[PDB]
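# Understanding the architecture of this molecule
Listed below are the residues making up each chain.
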Amino acid sequence: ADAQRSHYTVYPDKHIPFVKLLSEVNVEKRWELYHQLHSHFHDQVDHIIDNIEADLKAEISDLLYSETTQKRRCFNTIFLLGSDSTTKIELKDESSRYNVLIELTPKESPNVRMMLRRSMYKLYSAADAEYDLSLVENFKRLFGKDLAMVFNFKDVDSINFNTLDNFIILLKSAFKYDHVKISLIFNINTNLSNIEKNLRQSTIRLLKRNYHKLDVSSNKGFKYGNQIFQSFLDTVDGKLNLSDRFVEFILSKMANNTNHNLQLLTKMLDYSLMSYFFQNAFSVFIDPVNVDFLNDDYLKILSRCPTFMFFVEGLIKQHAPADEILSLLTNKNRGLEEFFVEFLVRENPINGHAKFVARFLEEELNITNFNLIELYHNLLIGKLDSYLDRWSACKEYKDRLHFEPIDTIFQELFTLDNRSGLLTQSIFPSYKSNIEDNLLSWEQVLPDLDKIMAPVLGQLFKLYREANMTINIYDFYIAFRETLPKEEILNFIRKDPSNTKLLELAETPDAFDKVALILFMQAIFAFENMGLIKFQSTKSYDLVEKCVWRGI
Amino acid sequence: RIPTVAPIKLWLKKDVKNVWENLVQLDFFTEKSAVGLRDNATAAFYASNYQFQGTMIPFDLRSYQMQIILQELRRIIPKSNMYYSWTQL
Amino acid sequence: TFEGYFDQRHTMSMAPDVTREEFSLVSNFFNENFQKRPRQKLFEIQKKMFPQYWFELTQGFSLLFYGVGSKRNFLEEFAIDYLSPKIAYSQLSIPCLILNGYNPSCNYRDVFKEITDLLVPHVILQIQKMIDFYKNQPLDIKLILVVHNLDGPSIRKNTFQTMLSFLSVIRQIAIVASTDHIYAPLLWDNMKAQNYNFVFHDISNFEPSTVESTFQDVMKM
Amino acid sequence: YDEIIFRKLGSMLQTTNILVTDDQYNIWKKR
Amino acid sequence: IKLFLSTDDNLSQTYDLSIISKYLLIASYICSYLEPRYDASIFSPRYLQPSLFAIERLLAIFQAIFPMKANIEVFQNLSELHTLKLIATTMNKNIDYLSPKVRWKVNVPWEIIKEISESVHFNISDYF
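Residues numbered from 1 in each chain as written, not as in the entry; some residues may be left out. Chains lettered and ligands numbered in written order. Part of a larger assembly, values for the part shown. Heavy atoms only, no water.

- As annotated in the PDB entry, chain E carries the name Origin recognition complex subunit 5 and comes from Saccharomyces cerevisiae.

## Notes on the overall build of chain D
- A tally of helices and strands in chain D yields two helices and zero strands.
- For chain D, the spread of C-alpha atoms along the principal axes amounts to about 35 × 20 × 10 Å.
- The burial tally for chain D puts 35% of its 31 residues in the buried class.
- Carbon and sulfur atoms provide 51% of the accessible area of chain D, an area that totals close to 2,200 Å².
- Seen as two clouds, the 5 positive and the 4 negative side-chain charges of chain D have centres 8 Å apart. (Helix = DSSP H or I, 4+ residues; strand = E, 2+ residues; numbered from the N terminus. Buried < 20%, exposed > 50% of the residue type's maximum accessible area, 1.4 Å probe, protein only. Areas by Shrake-Rupley, 256 points an atom, 1.4 Å probe, with all protein chains shown as cover. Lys, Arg positive; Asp, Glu negative; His and termini not counted. Charge placed at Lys NZ, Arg CZ, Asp CG, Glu CD.)

## Regarding the overall build of chain E
- From N to C terminus, chain E includes five helices and two strands.
- Going from N to C terminus, chain E has its helices and strands arranged as α-α-α-α-β-β-α.
- C-alpha atoms of chain E, sized along the principal axes, occupy 55 × 40 × 30 Å.
- Across the 128 residues in chain E, those meeting the buried criterion constitute 53%.
- Looking at chain E as shown, the accessible area adds up to about 6,600 Å², and 54% of this sits on carbon and sulfur atoms.
- Charge separation in chain E, taken as the distance between the mean sites of 12 positive and 13 negative side-chain charges, equals 6 Å.

## Some details on helix 4 (residues 72–83) of chain E
All names here are of chain E.
- Counted at 1.5 Å a residue, the expected span for helix 4 with its twelve residues is 16 Å, and the 16 Å between its end C-alpha atoms agrees.
- Across the twelve residues that make up helix 4, a large majority, eleven, are buried.
- All buried positions along helix 4 are accounted for by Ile72, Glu73, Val74, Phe75, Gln76, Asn77, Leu78, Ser79, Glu80, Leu81 and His82.
- Just beyond helix 4, the residue with positive phi is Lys85, at close to 60°. (Expected span 1.5 Å × (residues − 1).)

## Observations regarding the sheet that holds strand 1 (residues 62–66) of chain C
- Taken together, six strands build an open sheet; the order of strands is 1(A)-2(C)-3(C)-4(C)-1(C)-5(C) and the sheet is mixed. Unpaired on one side and paired on the other, strand 1 (7–10) of chain A together with strand 5 (198–202) of chain C mark the two borders of the sheet. Along the sheet, successive strands turn relative to each other by an average axial angle of 20°, direction set aside.
- Of the pairings in the sheet, the one linking strand 1 of chain A to strand 2 (residues 96–100) of chain C comprises four bridges and is antiparallel in character. Within strand 2 of chain C, the position partnered with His7(A) by the bridge is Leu99(C).
- Its contacts with the sheet put helix 6 (residues 108–119) of chain C on strand 1 of chain A together with strand 2, strand 3 (143–148) and strand 4 (173–179) of chain C, and the angle it makes with strand 1 of chain A is roughly 25°. (Pairing = 2+ DSSP bridges. Axes fitted to C-alpha atoms, helices over the stretch in contact; angles between N-to-C directions. Contact = heavy atoms within 4.5 Å.)

## Things to note about the interface of chain E and chain A
- Taken together, the contact pairs 27 residues of chain E with 34 residues of chain A.
- Both sides of the chain E and chain A interface together cover about 2,900 Å² of buried area, and 55% of this is carbon and sulfur.
- For chain E, the biggest contributors to the area lost against chain A are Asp9(E), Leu11(E) and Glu73(E); these three give 24% of the whole.
- At the boundary of chain E with chain A, the tally comes to two salt bridges.
- The salt bridge partner of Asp9(E) is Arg205(A), with a shortest N-O separation of 3.1 Å.
- Looking at the side of chain E that touches chain A, the elements with two or more residues in it are helix 3 (55–65) and helix 4 of chain E.
- Of the residues forming the side of chain E that touches chain A, the biggest block, six residues, is contributed by helix 4 of chain E.
- Among the residues forming the side of chain E that touches chain A, the class breakdown is eleven nonpolar, nine polar and seven charged. (Buried area = accessible area lost by both parts, 1.4 Å probe. Salt bridge = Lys/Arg side-chain N within 4 Å of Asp/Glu carboxyl O. Nonpolar A, V, L, I, M, F, W, Y, C, P; charged D, E, K, R; others polar.)

## Brief notes about the packing of aromatic side chains
- For the coordinates displayed, the defined rule picks out 80 aromatic pairs over all chains.
- Where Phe492(A) meets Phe30(C), the ring centres are 5.1 Å apart and the plane angle is 40°; that geometry is what we call tilted. In this pair, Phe492(A) sits in helix 23 (residues 486–493) while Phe30(C) sits in helix 2 (residues 20–33), so the two residues belong to two different chains.
- Judged by its relative accessible area of 9%, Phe30(C) falls in the buried class.
- Taken together, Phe282(A), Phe285(A), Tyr298(A), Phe308(A), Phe311(A), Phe339(A), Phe340(A), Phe343(A), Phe410(A) and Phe414(A) form an aromatic cluster joined through their ring pairs.
- If you follow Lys253(A) out to its NZ or CZ, it ends over the ring of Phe428(A), 4.6 Å from the centre.
- In this arrangement the basic side chain of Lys47(C) is found over the ring face of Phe43(C), its NZ or CZ atom lying 4.3 Å from the centre. (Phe/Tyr/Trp six-rings, centres within 6.5 Å; stacked < 30°, edge-to-face > 60°. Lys NZ or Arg CZ within 6 Å of the ring centre and 35° of its normal.)

## Some words on the pairing of strand 2 of chain C
Residue and element names in this part refer to chain C.
- Within strand 2, five of the five residues are buried, which leaves it mostly tucked inside the rest of the structure.
- Of the strand pairs in this sheet, strand 2 and strand 3 are connected by five bridges, and their pairing is parallel. Paired with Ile98 across the bridge in strand 3 is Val146.

## What about the interface of chain A and chain C?
- At the interface, 97 residues of chain A touch 93 residues of chain C.
- Across the interface of chain A and chain C, roughly 8,800 Å² is buried in total on both sides, 64% from carbon and sulfur atoms.
- Contact with chain C buries area across many residues of chain A, yet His7(A), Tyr431(A) and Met521(A) alone supply 9% of it, more than any other trio.
- Taken together, the connections running from chain A to chain C amount to four salt bridges.
- Where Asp132(C) meets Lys88(A), a salt bridge forms, and the shortest distance between an N and an O atom there is 2.5 Å.
- Across the chain A-chain C interface, the total number found is 38 residue pairs in polar contact.
- Those elements that place two or more of their residues in the side of chain A that touches chain C are strand 1, helix 1 (25–65), helix 10 (261–279), helix 20 (431–440), helix 22 (473–481), helix 23, helix 24 (500–506) and helix 25 (511–530) of chain A.
- It is helix 25 of chain A that provides the largest number of residues to the side of chain A that touches chain C, a total of twelve residues.
- Each residue belonging to the side of chain A that touches chain C can be placed in one class, and the counts come to 52 nonpolar, 21 polar and 24 charged. (Polar contact = N/O pair within 3.5 Å; in protein donor to acceptor, adjacent residues only side chain to side chain.)

## Quick look at the pattern of salt bridges
Residue and element names in this part refer to chain A.
- Within the structure shown, the criterion is met by 45 salt bridges over all chains.
- Its salt-bridge partner being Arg97, residue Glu94 comes within 2.7 Å of it at the nearest N-O pair.
- A relative accessible area of 29% places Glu94 in the partly exposed class.
- Note that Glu363 and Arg359 form a salt bridge whose closest N and O atoms lie 2.8 Å from each other. One end of the pair is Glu363 and the other is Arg359, both in helix 15 (residues 349–363) and four residues apart, which spans about a single turn.
- Ionic contacts of the salt-bridge type, sharing partners, join the residues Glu67, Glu94, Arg97 and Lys181 into one network.

## Brief notes about the packing of helix 6 of chain C against helix 7 (residues 123–134) of chain C
Residues and elements named next belong to chain C.
- Here helix 6 crosses helix 7 at 25°, and the two axes come no closer than 12 Å. For the element pair helix 6 / helix 7, the angle class is roughly parallel. Note that helix 6 runs across helix 7; the crossing there is left-handed. When helix 6 is examined against helix 7, the residues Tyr108, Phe112, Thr116 and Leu119 are found in contact with a partner set consisting of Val123, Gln126, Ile127, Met130 and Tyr134.
- Its residues assigned to classes, the contact of helix 6 with helix 7 shows seven nonpolar, two polar and no charged. (Parallel < 35°, antiparallel > 145°, perpendicular 65-115°, else oblique. Left-handed = near helix turned anticlockwise from the far one by under 90°.)

Okay, structure coming up:
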């Protein structure tokens, strides 16, 4: 057996991760086009992410090093609202001052005694890389350089505010020295006022004398989200279209997160992009040079486009010259191939108008407080007039920018939409609901006691659905036992006489109840592992408590 | 009880926090089960290791008990004080 | 519904006693004859999903496995027989690190030691250094990190979750995990979910969980 | 059975009902 | 004058939260200050510290008050709230949420729950 060990390591055609459609060269072409577009998008994604990261550090350094005329000595306070432990800061290498970054996590601050010791330990380690306040006092006489300390409180909301409040007062004594300067960085997840309730008002007055306030959230006025979404519009080049349904799904799943919406947006867009090229065969015709790849199945799929049905029925109901209809009915000369080529030739000014409205709002009207996704969906639906009427200045230019989208035939083959729920089951699962349904509707998973005896966990969940909040374990065991087909169980058991212990146990008169109890014990342990139940074993194994219910 | 005229501040709950902090330090109040100064170093060690709930729960919900009973206040508080009339129930 | 929750002196000794051997007898004899063939057919059908998981792993997504039944064999087979050999020989020697989270004594320092030894030429600081190192490094995958029972007793703790969550930032590390608790998604907040970047699939298989229950005895009843 | 497990499993191989089925054109062809 | 009318010792839509988070925080306050006796009747001690409760109650009340089932976003918002420390637990070190011994309580005052209810158009004022 190998599972006893906590952890262990095991060591070991050129499969391009795509797979055939319609039950060789086409797959490679599709993969290459997909990868080209995918890398083109991720180039902009990484560029924008790096720009975002580079943006904050300039302001952070400016706040840290903007010397201000003050004769009195006090902490330099910076409030990073909406921040997180993932941020980083680098320090200037000044001439006469030695700079040390002192990180302070809540795990490193159980009491003031540990805090001072660890701060001095880090300070000494940095100084020797080139355990009390005497080290600060004697720092210049040791290393000949002035000391500047930056205490980075990585997560304020989890620190015991009593210990921090006392430690700030402890550091307050350090200002007796002329060669020491201190700066404090606060990382706050909630609003600023959450700190004001927990710290004592003496410490707040110390902090308030020299403090700066900064928001570092990614949701700052839709700026970066709009930029990323417009970059996605750019990187497609009109080679693929986004339906109203998919934009609706994005709008529905974006608002539930409020810190890292950009990451979720990028995840959803990337997943849709990778799904499209694996699903649709016509993604090959993003490159029209391969026009000779048209085949029977492509023609069938084109015939399956509802727009084709609308066009053909419009011709028929008008009693148009029957030769054109017979040409497709008899499938002769396939002029529909050139028809589809001309369809590919078509241009979509929808993207251009969507870009230009945003550019006009930003540059001509200076209206930056808007969502680009809402604008795009309003353009898709055509209610753009009301959306622009949300703002007072957009009347004349709203009338000018009025745009009307027009569909094209076989556009369904070049549109991404949420139509089968695959995009929801994979990123936003109904985890607990799925488990409940699979326990109750196990035929949704599984394809002669096998044919009757349902899985033990589902059978036990049957009783779990109805019973009381606190369950007498004996009653639950009785209820589980009553479901057993004893004779069919004996027939199942007697198929393996090769094991003597099997017959020895089974032929015992107590065997039915013993097997029922063993299965009950295993199922109850599994339920405890899943969080379904909890024993009262601290009192007795006579009662068990339910910890989950259906539907909620 | 002051009649209204035909055509005293209730201080804000945030400002009262400083007054509460002042009174908690001057030992007029005390936490529900505050042992206070421990007797020996080992007791201080076990006390500093443990984290009391009273230091974690919000400033507005910490339970306190009183050191000067209202009767003592009525003995001490001058009758010329405006709030003296409330030294009775 | 919520109404089904708002509207909801015997002893264990009244049932016959069970010995340790008898407990194993049923679990061994039934599971080899009960639902073996239909679950084998279901496994053969489900094996067709490996290319999609492989593609998602290439694109930088972590994979989380959930559902009723044991999830050891599926993850082990995917990691060993399918994933690593393709990672190696389609790019032209991938360490398949398997972590048993259901062990209640899996020290995080020991796992971090192995990871550092296998990837590197205050654990969080070292992980940050690794992340900064591998940003400019080539994107080809080096390590597969199979985390069984990402809701296990050694794993539920906040520090170990924080340690694991930063690992998925490195593209050259493949993370595969499985959970059993109903409220498993409660473990991960915004930052941890962001760094994990899971893609969720329902792998409910009704495989009899026996290895997980081995570490903690059931004979207590 | 294949479609249900494909959709529950989140597989992209499940048919998406944006295009109407070929069996529908076994009916519509007679029109 | 306005300098002498406010203390100005303060260090500085106060909470901007997702709708799911807002309703979860409404339901948690209901759990923390409504006696367990009334869960079977109303849905079918402000000055005191909040009482403890269980997640099973919170999920049921949230399902009963939101204008949702058990998708991962609900639990993600709940864990975000715990990380934001808008909801507290009965432990200090080595948080083990999944362990059955942990219990939950509200760490938010009434003055903020009222504004959240106004922003989501809910009527907590009528349940007490």
